[PDB]
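What follows is a structure written as C-alpha cells; I'll ask about it next.
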Amino acid sequence: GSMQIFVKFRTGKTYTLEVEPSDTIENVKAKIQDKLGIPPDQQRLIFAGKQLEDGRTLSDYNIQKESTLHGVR
C-alpha cells in the first residue's frame, strides 16, 4: 500500500512524499534524495520529538497518512 506524508524542513518548506508502511527509514531517506536532491548522509528525520532510526520502519513509529517529518541536514 501507499500513503502521503509531509517532510518539513527548518526553513518552513514542507514537501509531500509518497511512502509505504513497510518502508525503512533509510528507504524514506532515499525518496527524499530523489525528490529534493539531499543525499541520505546529510539527512536526519524526526517525528514527534524522536529521531527515526534507519533500520526501523514507518509502521514501527506509528506514522499515519498526512503525518509530518522534520528533517535536519
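For the chain, what is the Kirkwood estimate of the hydrodynamic radius, computed as the reciprocal of the mean inverse distance between distinct Cα atoms, to one decimal in Å?
Averaging 1/r across every pair of different Cα atoms and inverting gives 11.9 Å.
Once label points are set 7 Å from the Cα along Cα→Cβ at both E20 and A48, what is their separation, rounded to one decimal in nm?
2.4 nm
Can you give the calculated 222 nm mean residue ellipticity of the chain, where each DSSP H run of n ≥ 4 adds -39,500 (n - 2.57) and the sum is split over every residue, rounded to the nearest 500 deg cm²/dmol?
Roughly -5000 deg cm²/dmol at 222 nm, from the helical runs in the chain.
FYI, it's all coordinate maths here, none of it is from the lab. Here the Cβ is made from the backbone with ideal geometry for all residues, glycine too, and neighbour counts use every protein chain on show.
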